[PDB]
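Novice: If you scroll down you'll find the structure; I have some questions about it.
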Amino acid sequence: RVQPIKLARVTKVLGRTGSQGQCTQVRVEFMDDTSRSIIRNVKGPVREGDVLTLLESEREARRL
Amino acid sequence: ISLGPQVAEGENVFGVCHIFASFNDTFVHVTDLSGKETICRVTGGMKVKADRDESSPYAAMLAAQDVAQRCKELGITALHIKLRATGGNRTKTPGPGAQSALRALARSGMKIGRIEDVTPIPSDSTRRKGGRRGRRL
Amino acid sequence: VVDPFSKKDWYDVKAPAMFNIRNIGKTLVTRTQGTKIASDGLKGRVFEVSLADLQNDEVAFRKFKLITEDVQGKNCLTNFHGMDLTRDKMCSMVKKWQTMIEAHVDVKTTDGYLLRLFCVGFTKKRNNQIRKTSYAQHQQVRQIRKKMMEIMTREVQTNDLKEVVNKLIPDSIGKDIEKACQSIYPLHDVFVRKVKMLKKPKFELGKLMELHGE
Amino acid sequence: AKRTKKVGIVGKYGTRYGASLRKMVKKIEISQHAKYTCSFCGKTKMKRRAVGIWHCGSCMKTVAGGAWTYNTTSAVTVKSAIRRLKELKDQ
Amino acid sequence: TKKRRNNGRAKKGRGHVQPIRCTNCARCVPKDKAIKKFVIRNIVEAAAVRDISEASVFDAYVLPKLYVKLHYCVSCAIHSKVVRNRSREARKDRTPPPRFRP
Amino acid sequence: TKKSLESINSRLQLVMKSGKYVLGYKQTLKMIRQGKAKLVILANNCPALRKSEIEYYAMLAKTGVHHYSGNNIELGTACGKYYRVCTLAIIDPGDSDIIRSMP
Amino acid sequence: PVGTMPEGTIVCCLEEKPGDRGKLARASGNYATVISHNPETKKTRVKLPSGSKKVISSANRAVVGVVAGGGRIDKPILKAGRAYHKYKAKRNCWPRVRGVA
Amino acid sequence: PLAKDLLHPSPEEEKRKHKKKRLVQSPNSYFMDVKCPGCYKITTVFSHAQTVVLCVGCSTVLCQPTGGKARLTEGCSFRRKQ
RNA sequence: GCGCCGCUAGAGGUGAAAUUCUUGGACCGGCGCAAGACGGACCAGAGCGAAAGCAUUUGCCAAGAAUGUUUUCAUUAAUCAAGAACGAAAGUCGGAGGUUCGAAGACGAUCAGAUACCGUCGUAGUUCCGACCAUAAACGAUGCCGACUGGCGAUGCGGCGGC
Ligand SMILES: [Mg+2]
Ligand SMILES: [Zn+2]
Ligand SMILES: [Zn+2]
């Protein structure tokens, strides 16, 4: 709950998802170590090499 | 003080943690080393009010938060895990409330010992509740 | 209304001195309130714990049961109750195209310790074996099943309870029937799987503290 | 000679009382009149006295077995449990 | 028309086999029709391992497995894509599908 | 209940062919008291004082006792005649090994 | 007594308070099953033939078995005569005239 | 194979068939001479025998009769005759 | 399911949902007992059986294919109207039995209308012993017996020869 809301830079664009192409898939890095990664899904145009912000760090991986 | 056994600083006391990772609900019922003394049986299905979202991963995430904020409260430190499922007659693969009720636990500063699938398994018993042609959606 | 954690006290659990690491853990129990006194509210409890947090080197897929037979203040003494394996190791060694064989025997001791000895075993694929089914014939399986219980009758009946439980930490009964079976058909994964206690002899306080000496 | 096909012992009732009753009674009524074999002298001399009592004709020994027969399944199911409790927990 | 060389089932010299029941829809099938799928899934879902292994109480800890034998009925095998409509001159094979672990 | 009664009876029904044997109580009671009896056979259905004095005489004349696990008419086909028999003594078997049996 | 016998055994003709010399489960083919001893506060419970369990004293002397004469009512009376002698040696209650008539 | 001769083949593929189905039927059996260790009488025991064979002098077992071909107790003074 | 302790307000259940269980404290964890079926993973284009059908150990029997056979008997064989035996499941009948599942039926839903798919409950029945009925997609949709006519790797039970 009480966590510092963290900026995050991406690895490669891993394609569209979300049944309409309205989500992308970016798999950010958490700014401190280069081995801590999680596969995620943001909406909006990417431009690989950006820095996006995570409201919280522990939600879900996209696999059913 | 009245909570917490007298333990050294760099060590840890063990209490097992049963995870009932089923369909329609999940339990993150924690207890002592023996299993007997119920310490905190908090449920994902109590903290969501939608009833589609009782089995949901997000409920089982915060289900692990309330028990970890209670685990460190009494004094129990490191949790062996005794993951289950619906078991026996019914399905045995865990529900949505397995990983989110286990990954959220280790992010919540809490040491883990032996995790183990301890769902019940029959030796050919208990005619299943579907009928011959089964339940049909 | 009242906070029920704070009516309790914490003990500590000690195994018998047959093992290396004695400090098992810390059960908790509420105090004496009228009839429910602070001993029989925890005598006979079962403590599931492995071996790798009870020995120094030993493998972790084997676990013991323990039963707190007496409490001497802070200490909570135990005694042997039974052994079993982890299921995910137990059905890791079950493969396709190799025949499971099994035995189950009731063997008591010289002390009043009726025990039920479960041993499984699986046939072995040799180095150069090109065919796939390394099964067995059934008259091989019958006399192999004769060999497996009849060894662990002699492993248990001839001498006392402590050398039974001192034997099977490095799987010495299991490696023993491993040694005499591969003259008939080869076996490679032999685990004395699960021991079920049935009888408890009269609860004499002696043999208990014999295990809680040095 | 074979005199009749589908009465046997209940030909004595004749044309009375029904047909699902006399098909019920001729199973019992051949049983309670039969000479069972005595398990104590090896002879076929078991004779139904008043109900419950059975009595060996020779060896003179009386057994208080079943009511329309000599070993009701309820007795043997129980007897195979009493001699199991004598070894399970040994009391 | 006859569709298959067998009659759809993997038995020849018998007359009766074990009846089992399906996983999801619980439907009774003979044991030698049903589509098995054995699952050896790493129970921690290995993305979530570098978040527990700091919190593990050892260094070299064998993370366990999970051994669940899904054996679907053939009605729910196709609907959940675990098998596929095949073609009439690529039917005749009993080869298992290739792995592609990475 | 499946494969070990061919020991006691197939040894027994061979003496029925060759060796001398006596059925009944008071044939064997003459044979047990003049020494020529060698191995009495007591069925399961003997009365418990017939069972407990032939065992007493067998202690007196130094012979063996086989308890046949079976009814005294089940020993009828084990002999091979259409009687019942609780007690028999075999006194001179031809070439069998009932002396060399389990007791 | 029903304190010594193990649970699940089959008992006829028992006492309802200790020393009563036989009261329960005494008709033909009936049996009370003892279950669930209480080690301290020594009561047991049983299972009387009406399916009602009853906590009784644990020192009720009882006889182990089942009452002979079982399966008795599994033959119809089948005529009016042999019901008259069934109820001539018991009571005088038998020709029961309906209230409506 | 239109061109096989089946009245004068090799005498070795003649062996590689059944005891029937040959050009002429003839058994795998034979009579084999056996000296038991410690006697003087040569024994003419059948090859695929069925009995516990004794000897003239050696009043002990000569062969173990079994499934296909009888098995002598000692690997003994053994020759195949005629 | 019944006890027995521990603990909290829900648990159950579905696409959602309610009937239903519950602070005379269920659900969960633990120690036990009891009763009933059924014998998972090993289990396969393997075996056995005339066919239905057969899977936890040790067990009193009795049967059989196949192979081994310089054994015996010396056409005793093949299919077979009339007629016989065995025959899943359901059904009937009697007595034990009643755990699970569940025809009927009772509700709760979704529906235009649901006497149906789904959910809780639930009788007869699923279980045994005995006495019946001879019907199945009893399918290999291929009668039994016998011979002859391609191959190739492989399989099971024997037998033979071998690094
Ligand atoms: Mg009236
Ligand atoms: Zn008699
Ligand atoms: Zn399905």
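Please note that chains go A, B, ... in the order of the structure tokens, that every chain numbers its residues from 1, and that ligands are numbered from 1 in the order shown.
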For chain F, which residues have at least one atom within 10 Å of chain I, if we go by only C-alpha atoms (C1' of nucleotides)? Write them as a list in words, please.
Specialist: residues 1, 2, 3, 4, 5 and 6 of chain F
Novice: Using N, CA and C atoms, can you export the residues from the last selection as a JSON list (two decimals), in the first residue's frame?
Specialist:
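File produced: out-v2.json:
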[["chain", "number", "residue", "atom", "x", "y", "z"],
["F", 1, "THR", "N", -6.43, -69.51, 1.80],
["F", 1, "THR", "CA", -7.63, -69.46, 0.98],
["F", 1, "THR", "C", -7.30, -69.46, -0.51],
["F", 2, "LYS", "N", -6.05, -69.76, -0.88],
["F", 2, "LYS", "CA", -5.76, -69.91, -2.30],
["F", 2, "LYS", "C", -4.80, -71.03, -2.70],
["F", 3, "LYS", "N", -3.63, -71.21, -2.06],
["F", 3, "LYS", "CA", -2.72, -72.28, -2.51],
["F", 3, "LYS", "C", -1.90, -73.12, -1.53],
["F", 4, "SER", "N", -2.38, -73.43, -0.32],
["F", 4, "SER", "CA", -1.57, -74.21, 0.64],
["F", 4, "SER", "C", -2.40, -75.18, 1.48],
["F", 5, "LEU", "N", -3.23, -75.99, 0.85],
["F", 5, "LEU", "CA", -3.94, -77.03, 1.58],
["F", 5, "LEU", "C", -3.65, -78.33, 0.86],
["F", 6, "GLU", "N", -3.08, -78.21, -0.34],
["F", 6, "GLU", "CA", -2.50, -79.32, -1.10],
["F", 6, "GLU", "C", -1.32, -79.97, -0.37]]
Novice: Which residues are near ligand 2 - at most 6 Å, using only C-alpha atoms (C1' of nucleotides) and all ligand atoms? Format: as number ranges by chain.
Specialist: D: 38, 40-41, 43, 45, 56, 58-59
Novice: Skip residue 7 of chain I itself and residues of its chain fewer than 6 positions away, then list as JSON, numbers by chain all residues within 9 Å of it, counting only C-alpha atoms (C1' of nucleotides).
Specialist: {"B": [37, 38, 39, 40, 41]}
Novice: Pull out every residue of chain G that has at least one atom within 8 Å of chain D, counting only C-alpha atoms, and report them as a ChimeraX atom specification.
Specialist: /G:4-6,9-10,65-66,68-72,75-76,78-79
Novice: Mind listing the residues within 9 Å of ligand 3, only C-alpha atoms (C1' of nucleotides) and all ligand atoms counted, as an mmCIF file with N, CA, C and O atoms, in the first residue's frame?
Specialist:
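Output file pocket_26.cif is given in full below:
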data_model
loop_
_atom_site.group_PDB
_atom_site.id
_atom_site.type_symbol
_atom_site.label_atom_id
_atom_site.label_comp_id
_atom_site.auth_asym_id
_atom_site.auth_seq_id
_atom_site.Cartn_x
_atom_site.Cartn_y
_atom_site.Cartn_z
ATOM 1 N N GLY B 134 -22.204 -35.007 -17.668
ATOM 2 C CA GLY B 134 -21.489 -33.918 -17.041
ATOM 3 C C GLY B 134 -22.262 -32.623 -17.058
ATOM 4 O O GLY B 134 -23.346 -32.512 -17.625
ATOM 5 N N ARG B 135 -21.691 -31.618 -16.403
ATOM 6 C CA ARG B 135 -22.237 -30.278 -16.513
ATOM 7 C C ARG B 135 -21.836 -29.690 -17.858
ATOM 8 O O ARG B 135 -20.734 -29.923 -18.358
ATOM 9 N N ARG B 136 -22.771 -28.990 -18.486
ATOM 10 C CA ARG B 136 -22.628 -28.568 -19.873
ATOM 11 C C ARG B 136 -23.012 -27.101 -19.932
ATOM 12 O O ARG B 136 -24.159 -26.751 -19.640
ATOM 13 N N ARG E 21 -13.718 -39.684 -15.672
ATOM 14 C CA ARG E 21 -14.523 -38.495 -15.867
ATOM 15 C C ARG E 21 -13.603 -37.333 -16.197
ATOM 16 O O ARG E 21 -12.471 -37.272 -15.714
ATOM 17 N N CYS E 22 -14.099 -36.413 -17.022
ATOM 18 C CA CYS E 22 -13.295 -35.314 -17.534
ATOM 19 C C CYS E 22 -12.916 -34.337 -16.429
ATOM 20 O O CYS E 22 -13.404 -34.400 -15.301
ATOM 21 N N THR E 23 -12.026 -33.411 -16.771
ATOM 22 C CA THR E 23 -11.593 -32.432 -15.787
ATOM 23 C C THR E 23 -12.605 -31.310 -15.625
ATOM 24 O O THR E 23 -13.151 -31.111 -14.539
ATOM 25 N N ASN E 24 -12.862 -30.550 -16.687
ATOM 26 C CA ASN E 24 -13.636 -29.332 -16.486
ATOM 27 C C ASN E 24 -15.138 -29.597 -16.476
ATOM 28 O O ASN E 24 -15.844 -29.147 -15.569
ATOM 29 N N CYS E 25 -15.647 -30.329 -17.459
ATOM 30 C CA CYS E 25 -17.076 -30.579 -17.555
ATOM 31 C C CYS E 25 -17.474 -31.907 -16.948
ATOM 32 O O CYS E 25 -18.609 -32.342 -17.154
ATOM 33 N N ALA E 26 -16.536 -32.598 -16.299
ATOM 34 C CA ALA E 26 -16.759 -33.798 -15.489
ATOM 35 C C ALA E 26 -17.351 -34.963 -16.271
ATOM 36 O O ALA E 26 -17.811 -35.934 -15.670
ATOM 37 N N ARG E 27 -17.325 -34.901 -17.600
ATOM 38 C CA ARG E 27 -18.088 -35.823 -18.424
ATOM 39 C C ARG E 27 -17.388 -37.166 -18.522
ATOM 40 O O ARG E 27 -16.169 -37.237 -18.676
ATOM 41 N N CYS E 28 -18.170 -38.233 -18.413
ATOM 42 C CA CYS E 28 -17.614 -39.575 -18.418
ATOM 43 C C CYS E 28 -17.134 -39.963 -19.806
ATOM 44 O O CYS E 28 -17.873 -39.857 -20.786
ATOM 45 N N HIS E 71 -6.713 -34.273 -18.021
ATOM 46 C CA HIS E 71 -7.129 -35.156 -19.115
ATOM 47 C C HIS E 71 -8.550 -34.777 -19.510
ATOM 48 O O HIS E 71 -9.535 -35.214 -18.912
ATOM 49 N N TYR E 72 -8.634 -33.935 -20.530
ATOM 50 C CA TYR E 72 -9.884 -33.367 -20.986
ATOM 51 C C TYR E 72 -10.737 -34.418 -21.674
ATOM 52 O O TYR E 72 -10.248 -35.443 -22.149
ATOM 53 N N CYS E 73 -12.037 -34.152 -21.722
ATOM 54 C CA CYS E 73 -12.868 -34.856 -22.677
ATOM 55 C C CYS E 73 -12.598 -34.298 -24.063
ATOM 56 O O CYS E 73 -11.989 -33.243 -24.226
ATOM 57 N N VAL E 74 -13.086 -35.002 -25.074
ATOM 58 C CA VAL E 74 -12.855 -34.533 -26.427
ATOM 59 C C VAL E 74 -13.802 -33.396 -26.793
ATOM 60 O O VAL E 74 -13.544 -32.658 -27.750
ATOM 61 N N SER E 75 -14.874 -33.201 -26.034
ATOM 62 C CA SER E 75 -15.761 -32.088 -26.328
ATOM 63 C C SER E 75 -15.157 -30.772 -25.877
ATOM 64 O O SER E 75 -15.315 -29.752 -26.552
ATOM 65 N N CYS E 76 -14.467 -30.776 -24.743
ATOM 66 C CA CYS E 76 -13.817 -29.581 -24.233
ATOM 67 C C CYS E 76 -12.353 -29.481 -24.618
ATOM 68 O O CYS E 76 -11.724 -28.464 -24.314
ATOM 69 N N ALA E 77 -11.790 -30.510 -25.251
ATOM 70 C CA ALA E 77 -10.432 -30.385 -25.757
ATOM 71 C C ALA E 77 -10.381 -29.415 -26.921
ATOM 72 O O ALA E 77 -9.493 -28.560 -26.988
#
Novice: Mind listing the alpha helix (DSSP H) residues of segment 1-99 of chain B, per DSSP on the backbone, as a ChimeraX atom specification?
Specialist: /B:57-74
Novice: Dump C-alpha atoms for the selected residues as a PDB file, in the first residue's frame?
Specialist:
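Written output follows (out.pdb):
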ATOM      1  CA  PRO B  57      -6.064 -12.005  -8.249  1.00  0.00           C
ATOM      2  CA  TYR B  58      -6.389  -8.479  -6.844  1.00  0.00           C
ATOM      3  CA  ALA B  59      -8.392  -9.733  -3.861  1.00  0.00           C
ATOM      4  CA  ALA B  60      -5.808 -12.407  -3.083  1.00  0.00           C
ATOM      5  CA  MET B  61      -3.039  -9.788  -3.281  1.00  0.00           C
ATOM      6  CA  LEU B  62      -4.453  -7.642  -0.483  1.00  0.00           C
ATOM      7  CA  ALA B  63      -5.478 -10.858   1.253  1.00  0.00           C
ATOM      8  CA  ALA B  64      -1.749 -11.439   1.732  1.00  0.00           C
ATOM      9  CA  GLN B  65      -1.269  -7.852   2.918  1.00  0.00           C
ATOM     10  CA  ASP B  66      -3.633  -8.119   5.888  1.00  0.00           C
ATOM     11  CA  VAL B  67      -2.154 -11.369   7.119  1.00  0.00           C
ATOM     12  CA  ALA B  68       1.432 -10.087   6.763  1.00  0.00           C
ATOM     13  CA  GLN B  69       0.484  -6.951   8.711  1.00  0.00           C
ATOM     14  CA  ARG B  70      -0.900  -9.344  11.358  1.00  0.00           C
ATOM     15  CA  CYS B  71       1.982 -11.853  11.119  1.00  0.00           C
ATOM     16  CA  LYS B  72       4.558  -9.250  12.149  1.00  0.00           C
ATOM     17  CA  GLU B  73       2.041  -8.012  14.750  1.00  0.00           C
ATOM     18  CA  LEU B  74       2.058 -11.056  17.025  1.00  0.00           C
TER      19      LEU B  74
END
Novice: Using only C-alpha atoms (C1' of nucleotides), determine which residues lie at most 12 Å from residue 25 of chain H, disregarding the query and same-chain residues fewer than 6 positions distant; provide the list as a ChimeraX atom specification.
Specialist: /H:14-15,17-19 /I:70
Novice: Would you put the residues from that selection into a file with N, CA, C and O atoms (P, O5', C5', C4', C3', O3' and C1' of nucleotides), as a PDB file, in the first residue's frame?
Specialist:
ATOM      1  N   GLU H  14      17.734 -73.917 -44.557  1.00  0.00           N
ATOM      2  CA  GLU H  14      16.915 -75.063 -44.193  1.00  0.00           C
ATOM      3  C   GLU H  14      16.838 -75.224 -42.679  1.00  0.00           C
ATOM      4  O   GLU H  14      15.801 -75.637 -42.147  1.00  0.00           O
ATOM      5  N   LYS H  15      17.916 -74.892 -41.970  1.00  0.00           N
ATOM      6  CA  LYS H  15      17.885 -74.915 -40.513  1.00  0.00           C
ATOM      7  C   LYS H  15      17.104 -73.733 -39.940  1.00  0.00           C
ATOM      8  O   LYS H  15      16.405 -73.892 -38.932  1.00  0.00           O
ATOM      9  N   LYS H  17      14.352 -72.424 -40.346  1.00  0.00           N
ATOM     10  CA  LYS H  17      12.901 -72.493 -40.383  1.00  0.00           C
ATOM     11  C   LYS H  17      12.425 -73.382 -39.235  1.00  0.00           C
ATOM     12  O   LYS H  17      13.220 -73.829 -38.406  1.00  0.00           O
ATOM     13  N   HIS H  18      11.122 -73.662 -39.207  1.00  0.00           N
ATOM     14  CA  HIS H  18      10.495 -74.450 -38.148  1.00  0.00           C
ATOM     15  C   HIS H  18      10.966 -75.905 -38.232  1.00  0.00           C
ATOM     16  O   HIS H  18      11.662 -76.297 -39.167  1.00  0.00           O
ATOM     17  N   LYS H  19      10.610 -76.726 -37.241  1.00  0.00           N
ATOM     18  CA  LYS H  19      10.851 -78.150 -37.436  1.00  0.00           C
ATOM     19  C   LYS H  19       9.857 -78.733 -38.429  1.00  0.00           C
ATOM     20  O   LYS H  19      10.179 -79.686 -39.142  1.00  0.00           O
TER      21      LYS H  19
ATOM     22  P     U I  70      10.721 -84.200 -30.921  1.00  0.00           P
ATOM     23  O5'   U I  70       9.891 -85.264 -31.747  1.00  0.00           O
ATOM     24  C5'   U I  70      10.571 -86.156 -32.616  1.00  0.00           C
ATOM     25  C4'   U I  70      10.428 -87.591 -32.182  1.00  0.00           C
ATOM     26  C3'   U I  70      10.648 -87.848 -30.698  1.00  0.00           C
ATOM     27  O3'   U I  70       9.745 -88.848 -30.256  1.00  0.00           O
ATOM     28  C1'   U I  70      12.238 -89.073 -31.970  1.00  0.00           C
TER      29        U I  70
END
Novice: Show me which residues are within 8 Å of ligand 1 counting only C-alpha atoms (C1' of nucleotides) and all ligand atoms, and format the list as a ChimeraX atom specification.
Specialist: /G:95-98
Novice: So, counting only C-alpha atoms (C1' of nucleotides), which residue among I:122, I:130, I:10, I:156 is closest to chain D?
Specialist: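 Distance minimum relative to chain D lands on I:130.
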Novice: Compile the contact shell of segment 41-52 of chain G as a PyMOL selection string: residues with an atom at most 12 Å away, counting only C-alpha atoms (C1' of nucleotides), same-chain residues fewer than 4 positions apart removed.
Specialist: (chain C and resi 35) or (chain G and resi 1-18+23-37+56-60+62+66-67) or (chain I and resi 2-3+34)
Novice: Find the spatial neighbours of residue 102 of chain F, counting only C-alpha atoms (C1' of nucleotides), within a cut-off of 9 Å - ignore same-chain residues fewer than 4 positions away - and output them as a list in words.
Specialist: residues 8, 66 and 98 of chain F
Novice: Next, the residues of the selection above should be written as a compact mmCIF listing (two decimals), in the first residue's frame with N, CA, C and O atoms.
Specialist:
# COMPACT_ATOMS: atom_id res chain seq x y z
N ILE F 8 -1.49 -80.68 3.22
CA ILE F 8 -2.01 -81.63 4.20
C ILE F 8 -2.88 -82.68 3.54
O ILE F 8 -2.82 -83.86 3.90
N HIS F 66 -1.87 -83.89 14.69
CA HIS F 66 -2.18 -82.89 13.68
C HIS F 66 -3.61 -82.43 13.87
O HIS F 66 -4.54 -83.23 13.79
N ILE F 98 3.66 -87.74 5.96
CA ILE F 98 2.85 -87.02 6.93
C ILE F 98 3.58 -86.98 8.27
O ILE F 98 3.36 -86.06 9.08
Novice: Set the distance at 10 Å and use only C-alpha atoms (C1' of nucleotides): which residues neighbour residue 126 of chain C once local chain neighbours fewer than 4 positions away are removed? I'd like the list as an NGL selection string.
Specialist: :C and (130 or 134 or 186-188)
Novice: Restricted to N, CA, C and O atoms, what would the selected residues look like written as a compact mmCIF listing (two decimals), in the first residue's frame?
Specialist:
# COMPACT_ATOMS: atom_id res chain seq x y z
N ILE C 130 17.66 -50.15 -25.24
CA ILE C 130 17.13 -49.52 -26.43
C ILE C 130 15.61 -49.61 -26.47
O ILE C 130 14.94 -48.66 -26.88
N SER C 134 10.69 -50.99 -19.69
CA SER C 134 11.43 -51.83 -18.75
C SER C 134 10.51 -52.29 -17.62
O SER C 134 10.70 -51.98 -16.45
N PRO C 186 16.42 -54.97 -11.71
CA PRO C 186 17.02 -53.74 -11.19
C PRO C 186 15.99 -52.71 -10.75
O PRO C 186 14.98 -52.49 -11.42
N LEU C 187 16.28 -52.08 -9.62
CA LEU C 187 15.51 -50.95 -9.10
C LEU C 187 16.46 -49.81 -8.83
O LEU C 187 17.63 -50.02 -8.50
N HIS C 188 15.97 -48.58 -8.94
CA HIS C 188 16.88 -47.45 -8.82
C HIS C 188 16.39 -46.41 -7.83
O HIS C 188 17.20 -45.74 -7.18
Novice: What does the distance from atom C1' of residue 55 of chain I to atom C1' of residue 43 of chain I come to in Å, to one decimal?
Specialist: 9.0 Å
Novice: List every residue of chain C that has an atom at most 12 Å from any atom of chain D, and for each one report the closest atom pair and its distance in Å to one decimal, counting only C-alpha atoms, with rows sorted by chain and then by increasing residue number, as a tab-separated table.
Specialist:
residue	atom	partner	partner_atom	distance
C:114	CA	D:89	CA	10.6
C:198	CA	D:89	CA	8.4
C:199	CA	D:89	CA	7.6
C:200	CA	D:89	CA	10.2
C:201	CA	D:89	CA	11.4
Novice: Mind writing the picked residues with C-alpha atoms as a PDB file, in the first residue's frame?
Specialist:
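Result file follows (result_17.pdb):
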ATOM      1  CA  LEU C 114       3.463 -51.628  16.108  1.00  0.00           C
ATOM      2  CA  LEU C 198      -0.691 -47.320  15.665  1.00  0.00           C
ATOM      3  CA  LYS C 199       0.102 -48.344  19.254  1.00  0.00           C
ATOM      4  CA  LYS C 200       1.531 -46.313  22.128  1.00  0.00           C
ATOM      5  CA  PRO C 201       2.856 -48.435  25.005  1.00  0.00           C
TER       6      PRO C 201
END
Novice: Please report as CSV every residue of chain I lying within 8 Å of chain E, along with the nearest atom pair and their distance in Å (one decimal), using only C-alpha atoms (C1' of nucleotides).
Specialist:
residue,atom,partner,partner_atom,distance
I:45,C1',E:10,CA,4.9
I:52,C1',E:15,CA,7.9
I:53,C1',E:16,CA,6.3
